[PDB]
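# Report on the structure
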Amino acid sequence: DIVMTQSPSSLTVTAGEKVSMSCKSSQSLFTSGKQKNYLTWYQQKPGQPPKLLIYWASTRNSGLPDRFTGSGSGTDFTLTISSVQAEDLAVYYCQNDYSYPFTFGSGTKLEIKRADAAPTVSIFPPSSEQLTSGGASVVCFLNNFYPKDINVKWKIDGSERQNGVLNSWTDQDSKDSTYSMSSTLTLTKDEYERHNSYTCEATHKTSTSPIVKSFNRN
Amino acid sequence: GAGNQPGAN
Amino acid sequence: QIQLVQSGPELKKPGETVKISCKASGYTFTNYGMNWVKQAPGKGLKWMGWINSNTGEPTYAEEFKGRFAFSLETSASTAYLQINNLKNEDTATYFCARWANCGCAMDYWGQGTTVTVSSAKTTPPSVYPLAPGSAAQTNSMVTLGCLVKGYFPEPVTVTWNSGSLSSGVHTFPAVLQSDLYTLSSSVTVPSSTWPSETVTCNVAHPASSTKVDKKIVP
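An account of the accompanying structure is given in this report.

Thresholds, definitions, all that
By convention in this text, residue numbers begin from 1 on each chain and track the written sequence, not necessarily the entry numbering, and residues missing coordinates are not displayed. The naming scheme follows written order: chains are lettered A onward, ligands numbered 1 onward. Note: side-chain values were computed over all heavy atoms of the structure, leaving out hydrogens and water. Cavity: a set of points on a 1 Å grid over the protein atoms alone where a 1.4 Å probe fits but cannot get out. Pocket: an open set with protein on both sides within 12 Å along at least five of seven lines, its lining residues, like those of a cavity, having an atom within 4 Å of a point. Grid points are joined across faces, edges and corners, and a volume is the space filled by probe spheres set on the points. Strands are runs of DSSP state E lasting at least two residues, helices are runs of H or I lasting at least four, and both sets are numbered from the N terminus onward. Two strands pair if DSSP finds at least two bridges between them. Note on definitions: angles span 0 to 180 degrees between N-to-C directions of axes, and those axes are lines fitted to C-alpha atoms, for helices only across the stretch in contact. Side-chain atoms alone can form a polar contact between residues adjacent in sequence; in general such a contact is a pair of N or O atoms within 3.5 Å, and within protein one must be able to donate a hydrogen while the other accepts it. In what follows, residue pairs with any heavy atoms lying within 4.5 Å of each other are defined as contacts. Buried area is understood as the total, over both parts, of accessible area removed when two parts are fitted together, assessed with a 1.4 Å probe. Here a salt bridge means any side-chain nitrogen of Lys or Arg lying within 4 Å of a carboxyl oxygen belonging to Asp or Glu. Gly counts as polar in this scheme, as do all residues outside two lists: the nonpolar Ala, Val, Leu, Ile, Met, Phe, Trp, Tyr, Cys and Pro, and the charged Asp, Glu, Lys and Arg.

### A short note on empty space enclosed by the protein
Leftover empty space is mapped by rolling, across the atoms, a probe with the size of a water molecule. Following the criterion strictly, the structure yields one cavity of 30 Å³ or more and no others. What the largest cavity holds in volume is close to 60 Å³. Forming the boundary of the largest cavity are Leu166, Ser168, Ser182 and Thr184 of chain A together with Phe172, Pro173, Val175, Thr182, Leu183 and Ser184 of chain C. Among the elements of the structure, β17 (165-169) and β18 (179-188) of chain A together with β17 (181-190) of chain C are those that each provide at least two residues to the lining of the largest cavity. It is β17 of chain C that provides the largest number of residues to the lining of the largest cavity, a total of three residues.

Next up, the structure:
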């Protein structure tokens, strides 16, 4: 079958710069009969289905912004974005459309470099609907930071706990290019109610001292 | 116009 | 107004049979063939095959012969994908995609159908509000959230104010601590807006059919 090789696998740019990504094919996709290259470029944003960008290796799909340019012929093809915006965060795929099987490439992932940003940290005690149910989950949101690398510690009465904590990172944001993460510490009812002070502390690249949020029992 | 005849053939 | 609407997410056990529909609207159904594309979680696109909307004859890729079947219902303008003898490698999102009028690209795509294969049973979630302990002093912004715990399987759709509150939302990816998933979502609104105006967390778990609106009052 025809193998479609995509390069680079991943690349990271600041908004406003130009990028180029390559798609090479195992067999030629040019037919002289219509004088067209049967290669397609699709874009897939996080969580969405793939969106058609360029067919016939150079023709834009209707409504496409003019920063996207397809190029190339035969076996070697290129997709170019003139000035990347934060919404251009995506995986770009090429597809052989010459012959069966109509195979895809492995894709090129486009990520964004932003300025450094400290997380906005929020701590939340468990709901009464959960507390009367016997469970408890204390939640900590660390929103809109860059870069993705971050560390969270949980302090119960000053002593640090790591058991029963779950962490989750969002993807890079399509509008402000930041990352966010949530940390959830899940305990039982009486274990939560037999201590008073709960502290969520966050260490990031932006500050040498950690950002600390806390609460007490009213 | 097809659509149901895809590719170079 | 060309639209491809696929059926909802499915949870099956290993060895069973699943049928995904893809209903087409806005165009003449028998002039465009229907492709099927598989996407395993965190992976790329794999073209599975296509079905000719005029003849009914399907063509499948080599990995997808034997356990996969394409079908048509021209009276309803619908394409069908059937997967027999489900394995854990079939856990993926499956897209239907219409062949373009050029014969060279996939013009329009369905939203995707997530098929999850697991022996675990469907359990509805518990939804809890996440309110700040201390009122806003001079920060001018308030962060709120809601926590969805103990659900299986994925996915759940979390919106705020029925989609009207969409800027400042972070929905975090679910983590599977046990055989149950837990997800959390955060919204950041101005301190003038809340608590004067209402904000509600809308959660949909279609496998259990558990649409829930919850206000975040206290």
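There's more to say after this.
### Considerations on the sheet that holds strand β7 (residues 68-73) of chain C
All names here are of chain C. Strand order in the open sheet made by the four strands is β1-β3-β8-β7, with antiparallel pairing throughout. Both outer strands of the open sheet, β1 (3-6) and β7, are each paired with one neighbouring strand and no more. Across the sheet, the axes of successive neighbouring strands diverge by a mean angle of 20 degrees, strand direction being ignored. In this sheet, strand β8 (residues 78-83) lies alongside strand β3 (residues 18-25) in antiparallel orientation, the contact comprising six bridges. Within β8, the residue paired with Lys19 across the bridge is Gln82.

### What about the side chain of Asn202 of chain C?
Residue and element names in this part refer to chain C. With respect to the secondary-structure elements, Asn202 resides in strand β18 (residues 200-204). For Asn202, the side chain forms a polar contact with the main-chain nitrogen of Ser162, separated by 2.9 Å. Within the structure, the side chain of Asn202 is placed 2.5 Å from the side chain of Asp213, a separation counted as a polar contact. Beyond its immediate sequence surroundings of up to four residues, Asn202 is in contact with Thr157, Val158, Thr159, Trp160, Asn161, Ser162, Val212 and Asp213.

### Focus on the interface of chain A and chain C
Accessible area lost upon the coming together of the parts serves often as the stated size of an interface. Tallying the contact residues gives 40 residues for chain A and 45 residues for chain C. Roughly 3300 Å² is buried in total at the junction of chain A and chain C, and carbon and sulfur atoms are behind 65% of that figure. The tally of links from chain A across to chain C stands at one salt bridge. Between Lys214 of chain C and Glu129 of chain A there is a salt bridge; the shortest N-O distance is 3.9 Å. On inspection of chain A and its partner chain C, the count reaches nine residue pairs in polar contact. Elements supplying a minimum of two residues to the side of chain A that touches chain C: β6 (39-44), β7 (51-55), β11 (90-96), β13 (120-124), α1 (128-131), β14 (135-145), β17 and β18 of chain A. Class assignment of the residues belonging to the side of chain A that touches chain C gives a composition of 19 nonpolar, 18 polar and three charged.

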